[PDB]
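Q: first chunk of the complex, coordinates as they sit in the assembly:
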Amino acid sequence: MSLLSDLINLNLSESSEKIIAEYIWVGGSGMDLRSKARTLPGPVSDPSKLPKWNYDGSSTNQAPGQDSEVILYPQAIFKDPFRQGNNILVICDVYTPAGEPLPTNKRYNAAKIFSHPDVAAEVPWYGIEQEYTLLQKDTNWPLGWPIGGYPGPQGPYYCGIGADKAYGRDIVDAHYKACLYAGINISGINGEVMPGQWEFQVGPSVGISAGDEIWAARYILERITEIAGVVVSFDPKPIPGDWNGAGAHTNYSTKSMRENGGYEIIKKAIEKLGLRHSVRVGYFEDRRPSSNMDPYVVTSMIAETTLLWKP
C-alpha cells in the first residue's frame, strides 16, 4: 500500500531522538539468521556501548535444557537500509546466561584468533564470494527455470541481460545498494550460470569484520527476498538433478604479502594450507569452502594455519 509504505518510511529524527536497533544472530542450524528489534534512547555507533539482550533459545534450537534463555552480545554495527535514518543493524554472537559461548557461536573462537597480537599485526584481509539462488516460493525452482529443465554450463544467463536471461536483478541491485549504504564492503556482483543464480563478493575486509559483514550481507539479502516474495538459498546444491554452482572461494592476504617485499610469503602460506588437510595465487584463493559454510570459521582457520600453526 502507499499508506503502508508511508508509515514504514517515517523519519523518526523529525519526531524524537529514539532509534530502533535490529539485533541479529545465527540460529541453531548454523545457517538460519534470526533477529528482532528494540528502541534505544539515542544514536549509537560503538557496539560496546550497546546493551546486551536475550531471547528464547528453545525456539531457535539453541537451548534444550530447563533454562531456555540465551544471551545476545552486540559485536558490530551497520546502518539499517530498511528502517533508514539513524536506525541500525546489530550483529551479535550468542552465549549461555553463565557466559559460555554456544556451540553454534563460531565468532568467539574466530575472535580469539584475530585478537592474537601476531595475527592482528599482520592485518589479514579477506575477500569472500557468496553465490546464491533465487527460488519461486510456490514451486521451489529457480526464477526463470526453463520449462523442460537443466540448461547446462554454457548458456545465456551468466552475466546476461534481458527479460529472457537475467532473473531477479531488482533483488540483486537492491541488495548491492543496501549493503553499501549499510557500511558493508561489498565489492561487486554478477549473474551466474544457472537462471536465478547470482553472486556478490565482499572485501577486502580486515579480520573478524569479514565474518560480521558477510553475515550482515546475507541478512540484508534475505530481508530483500522477503520483500520480493521470493525464497533465497545459499546451498551449493539447492535443487535436485545437475546444477552448476561455484562454492565459497576466499581470497586472503597479509600486510606482509601486500608489501612486496614478500612475494615469497604467499607461497609458504600455501605450503601450510596443503600440510593440514584448492589454493592458487598479491593474494591467494582458497577453493575448498561451500556456499553455506560459516565465514567466521573459514576466515580464522586460514589465519591460524598461516600465522600460528606449527606441525
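A: Arrived safely, thanks for sending. Numbers count the residues shown, from 1 in each chain, chains lettered A, B, ... in the order given.
Q: What residues of the helix or strand hosting residue A:304 count as buried?
A: Per DSSP states H and E, residue A:304 falls inside helix A:295-307. Neighbour-count burial for helix A:295-307 flags A:295-307 (criterion: 16 or more other C-beta atoms under 10 Å). All C-beta spots, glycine's among them, are computed from the backbone N, C-alpha and C.
Q: what packs against it?
A: When contacts are defined as 3 or more C-beta pairs under 8 Å, 6 or more residues apart in numbering; DSSP states H and E, helix A:295-307 sits against helix A:107-115, helix A:117-120, strand A:125-136, helix A:208-228, strand A:250-253, helix A:264-276.
Q: so what strands line up beside the helix or strand following the longest one?
A: Put plainly, it is helix A:208-228. Sequence-wise, the next helix or strand downstream of helix A:208-228 (DSSP H and E) is strand A:230-233. Strand A:230-233 has its sheet partners listed here by DSSP bridges as strand A:125-136 (antiparallel).
Q: Send me the strand it pairs with as PDB with only the CA atoms.
A: Output in PDB follows, covering the C-alpha atoms of strand A:125-136 (Å, rounded to 0.1, in the frame of the first residue of the first chain):
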ATOM      1  CA  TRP A 125      42.300  -9.100   4.600                       C
ATOM      2  CA  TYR A 126      39.500 -11.300   3.300                       C
ATOM      3  CA  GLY A 127      37.500 -11.400   0.100                       C
ATOM      4  CA  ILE A 128      34.500 -13.700   0.200                       C
ATOM      5  CA  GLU A 129      32.400 -14.900  -2.900                       C
ATOM      6  CA  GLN A 130      28.800 -15.600  -2.000                       C
ATOM      7  CA  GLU A 131      26.800 -17.500  -4.500                       C
ATOM      8  CA  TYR A 132      23.000 -17.800  -4.100                       C
ATOM      9  CA  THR A 133      19.900 -18.900  -5.900                       C
ATOM     10  CA  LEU A 134      16.600 -17.100  -6.100                       C
ATOM     11  CA  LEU A 135      13.700 -19.600  -5.900                       C
ATOM     12  CA  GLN A 136      10.000 -19.400  -6.700                       C
END
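Q: Tell me the first helix or strand C-terminal of that strand.
A: By DSSP H and E, the next helix or strand past strand A:125-136 is helix A:169-182.
Q: Identify each buried residue in that next one, please.
A: Within helix A:169-182, the residues scored as buried using 16+ other C-beta under 10 Å are A:171-172, A:174-175, A:178-179, A:182.
Q: add chain B to what we have:
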Amino acid sequence: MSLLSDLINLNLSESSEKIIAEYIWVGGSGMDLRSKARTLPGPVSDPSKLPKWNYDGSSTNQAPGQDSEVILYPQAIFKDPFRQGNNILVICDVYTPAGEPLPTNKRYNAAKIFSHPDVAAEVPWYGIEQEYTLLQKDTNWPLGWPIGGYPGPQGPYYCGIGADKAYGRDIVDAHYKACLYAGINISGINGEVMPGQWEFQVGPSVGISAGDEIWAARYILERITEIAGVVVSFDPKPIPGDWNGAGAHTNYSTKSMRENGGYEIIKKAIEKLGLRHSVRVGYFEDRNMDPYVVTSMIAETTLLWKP
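A: If we add chain B to the chains shown above, we get the following:
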C-alpha cells in the same frame, strides 16, 4: 488511485490552523476499540483543554436504558500517524450524561488507584508484552499457516527472516514506527513461534499512562491491519487446534524496588500478590484482559491492600 492517497495525505497546515482529533474509546465488549473524528480550531497538547464529546451507546452495546447518549472524556493525546501534521489521537473513557463511569469503563477506578498518595509516591512503572496474530481475512487462519496445520513450538518463524518464514512484517514495522511517531513508549518487537504471530513491548510507562498507551498501540495496530486488508487477533487462542501463544505478561516496579534494598520490597510484593489469589523475578513479571485493570490491580494489591 494514486489520486486517492494524494488526498488522504494532504498537509492541512498549508491551508489553515485547524486540526483533526480522532476520539477513541473502548466499546461494550471490553475489547472493541471505537473512534470518530472532529475538527478543532487549533493545535492542542493538554487533554484537559479538549472538549468532551458523545456517541450513541445503543450502537456499541453500552446504553440499554432509554437514554442512549454516552459521554466521552478526553484523557490522553497522541500524534496521529495516519493523518500526520498536527492531527491527534485522543484516548477517552466513557460516562453517562449524569457523570458516572460506565461498567465497561475501567480507566476510572484504575485512575483512582494511581491517584492515591501511597501509589503515586511509589511511581509504579509498567512493562507490557502484547502478543497478537495476523489472520487471513477470508479464511481466518494465520498468514503463512502451513497446509499441514499446527507446525509445533520449534520452527523457523520465531524471529525469522525470509518470504517463507516472516509473515506480515510490513504491518509490524509500520506499527513500530507509527507508535514511536505517536509518542507511545514502544520498546521493541519480535516475530513469534507461530506463522503470522508477533509481539510488541511497551514501557516503562508510569501509572495510568501504561493503559492509555496500550490502548493507543492496539488502535494503531488495528488501523494498520485495516489498511493491509488483514484481520488482527489479541486472543491467546485465536484459532482452533494446537497453538503456542504466550499471553499478556506485565512487568512492574516501584520506586522502592528501583532503589536500594529492592530485594526485600520485591519478595514482599510477590508475597501479597500470592496471598490474594503466576509471578516471577530489577523488577518482576506478572502472568486479553484490560491493561487498566491489570496494571492498577498490581499497584493496589501491593501498595494499598492490607491483609
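Q: What packs on helix A:295-307 again please, this time with chain B.
A: Helix A:295-307 makes packing contacts with helix A:107-115, helix A:117-120, strand A:125-136, helix A:208-228, strand A:250-253, helix A:264-276 when contacts are defined by 3 or more C-beta pairs under 8 Å, 6 or more residues apart in numbering or on different chains; DSSP states H and E.
Q: which stretch among the ones you listed comes nearest residue A:194?
A: Closest approach to residue A:194 among those (C-beta to C-beta): strand A:125-136, 6.9 Å.
Q: what angle separates the closest one from helix A:295-307?
A: Angle, strand A:125-136 to helix A:295-307, by axes from the mean of the first three to the mean of the last three C-alpha atoms, to 10 degrees: 150 degrees.
Q: Strand A:125-136 close to chain B?
A: No: figure legend: strand A:125-136 not in contact with chain B (C-beta under 8 Å from any C-beta of the partner chain); closest approach 9.3 Å.
Q: Can you get me the centre-to-centre distance for that strand and its chain?
A: Relative to its chain's centre, strand A:125-136 lies at 8 Å (C-alpha atoms, centre = their mean, to the nearest Å).
Q: now do stretch A:5-21
A: Worked out by C-alpha atoms, centre = their mean, stretch A:5-21 lies 27 Å from the chain centre.
Q: if we can go back for a sec, of all the helices and strands packed on helix A:295-307, which lies closest to residue A:8?
A: helix A:208-228 (10.5 Å).
Q: Alpha carbons of the closest one, in CSV - could you do that?
A: Extracted C-alpha coordinates of helix A:208-228, given in CSV (Å, rounded to 0.1, in the frame of the first residue of the first chain):
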residue,chain,number,x,y,z
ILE,A,208,36.8,-10.6,12.3
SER,A,209,34.8,-8.0,10.4
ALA,A,210,34.9,-10.1,7.2
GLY,A,211,32.7,-12.6,9.1
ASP,A,212,30.5,-9.8,10.5
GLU,A,213,30.0,-8.3,7.1
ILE,A,214,29.2,-11.5,5.3
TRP,A,215,26.5,-12.4,7.9
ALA,A,216,25.2,-8.8,7.6
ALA,A,217,25.1,-9.2,3.8
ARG,A,218,23.2,-12.5,4.0
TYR,A,219,20.7,-10.9,6.4
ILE,A,220,20.0,-8.0,4.1
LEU,A,221,19.7,-10.2,1.1
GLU,A,222,17.1,-12.4,2.7
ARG,A,223,15.2,-9.4,4.1
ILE,A,224,15.1,-8.2,0.5
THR,A,225,13.9,-11.6,-0.9
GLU,A,226,11.3,-11.4,1.8
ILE,A,227,10.0,-8.1,0.4
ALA,A,228,10.0,-9.5,-3.1
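Q: please slot chain C in as well:
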Amino acid sequence: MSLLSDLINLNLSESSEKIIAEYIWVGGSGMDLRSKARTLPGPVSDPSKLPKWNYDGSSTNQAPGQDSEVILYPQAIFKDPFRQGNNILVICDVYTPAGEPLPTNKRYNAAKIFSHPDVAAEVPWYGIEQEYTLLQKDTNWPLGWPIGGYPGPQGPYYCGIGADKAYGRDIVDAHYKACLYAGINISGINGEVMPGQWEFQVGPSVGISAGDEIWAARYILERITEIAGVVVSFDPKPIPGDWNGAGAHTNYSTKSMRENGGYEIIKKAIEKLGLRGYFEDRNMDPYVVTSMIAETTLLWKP
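A: Chain C, in position alongside the others:
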C-alpha cells in the same frame, strides 16, 4: 499509469496565470450534481466576478420546450482539491435565458430568505449531518455487506476499526481533507451502523452558505467515489430490505440565541417550528431545509 497522474497533477502556475473553474449545478432530479470546466485568465475569489455560463438543459431533464438553453449563475467559490493550485470549484444555480429560476433551482428562494434584513441581522448558523452509503459498483449492495444480509442495529461497524468492520475509510478520509482544503467547514466524520455507511458533519455555516457548502461536499465526495470505483448514495433507504439510516438533523442558531441569555429565544423558536446555545431540528435539499428554519422562526407570523 504514473505517466497519467503526472499530467493530472501538473502545477499550471509554473506555465501561466490561467486557472480552471469547475462550474457545478443540481440537475433535473433535484439530487444529481453536474459539472464542466472552463479556462479563466487569472485567479478569482469573488463569485460575482465570474462570468455566467450555460448548458443544454434537455440533456439534464431541465428544459423540455423549444429553447433548451439553461443559464449558470456562479454563487460560491471553493478551492479545487483535485486540480489543486489556483483552480477552483464554483457552485452555481440555474435560470432560464429570460432570467427566471428553474423549478429545480432551490437556491433562489432560499437566497431571498437569507437576504431578508430581519434574517440577515440574525446571522443564522447551521450544522448539517450528511449520512451516506458506499455501494459496490456491480452489485449495488454496500461495501462489506455480510453474506447473511441485514445484520441488525447492534454491530461492530459503528465507529469501528479493522478490515472486517470499517469499509471504505480511504474515501472518507480523502473527503475529510479534500473538504477542509476546499474551504468547507467540515466539522467531523464517523462510521455508521451499517457496513459501508458513514456520516460527515458541516458547520457552523452562515445562512445561504450552509447549502452551498453541503452541495460542494456532496460534489467532492462523489468525485472521490468515482476515483475509487465505488457508487455513493445519499438516500436514507439505499437498498431494499431492512436498513438503519439516521437522517439529516440540522442544528440552528441565531445571533440572539448565542448572546445573553438566548434560552428564551430558543424557547419561542422551538414553539414556532412545532406549530408549522443552539438547537437541533429533526436526501432533501439543504437550501430548502435551512431557509425554511430561518423563515419559520424569523419571518413567519402565526
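Q: Need the contact partners of the helix holding residue A:304.
A: Contact with helix A:295-307 is made by A:106-107, A:109-110, A:113-114, A:116, A:118-119, A:122, A:124, A:126, A:128, A:207-208, A:210-211, A:214-215, A:248, A:250, A:252, A:254, A:269, A:272-273, A:276, A:286, A:289, as judged by C-beta atoms under 8 Å, 6 or more residues apart in numbering or on different chains.
Q: With stretch A:183-192 instead?
A: Counting by C-beta under 8 Å, 6+ apart, A:78-79, A:127, A:131, A:157-160, A:165-166, A:169, A:172, A:175-176, A:179-180, A:197-205, A:213, A:216-217, A:220, A:244, A:246 sit against stretch A:183-192.
Q: what's the closest non-adjacent residue to the closest residue to chain C within chain A?
A: Taking C-beta to the nearest C-beta, chain C has its nearest neighbour within chain A at residue A:3, 7.6 Å off. Nearest residue to residue A:3 in three dimensions, chain neighbours excluded: residue B:227, at 5.0 Å (C-beta to C-beta, 6 or more residues apart in numbering or on different chains).
Q: Domain boundaries for chain A, per the record?
A: Split into domains by curated CATH domains, chain A comes to A:1-103, A:104-311.
Q: Touching, residue A:242 and residue A:150? I think so.
A: Yes: taking contacts as C-beta atoms under 8 Å, residue A:242 lies within contact range of residue A:150: 4.8 Å.
Q: Buried ones only from the contacts of stretch A:183-192, please, as a ChimeraX command.
A: Buried residues among those (16 or more other C-beta atoms under 10 Å in any protein chain shown), as a ChimeraX selection:
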select /A:78,79,127,131,157,160,165,166,172,175,179,197,198,199,200,201,202,203,204,205,213,216,217,220,244,246
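Q: re the thing from before, count of residues packed around the residue of chain A closest to chain C?
A: Neighbourhood size, residue A:3 [other C-beta atoms under 10 Å in any protein chain shown]: 20.
Q: List the contacts of residue A:37.
A: Per C-beta under 8 Å, 6+ apart, neighbours of residue A:37: A:20-23, B:176, B:188-190.
Q: Recalculate using a threshold of 10 Å.
A: Residue A:37 makes contact with A:20-24, A:80, A:83, A:87-90, B:159, B:172-173, B:176, B:187-190, B:200 under the criterion C-beta atoms under 10 Å, 6 or more residues apart in numbering or on different chains.
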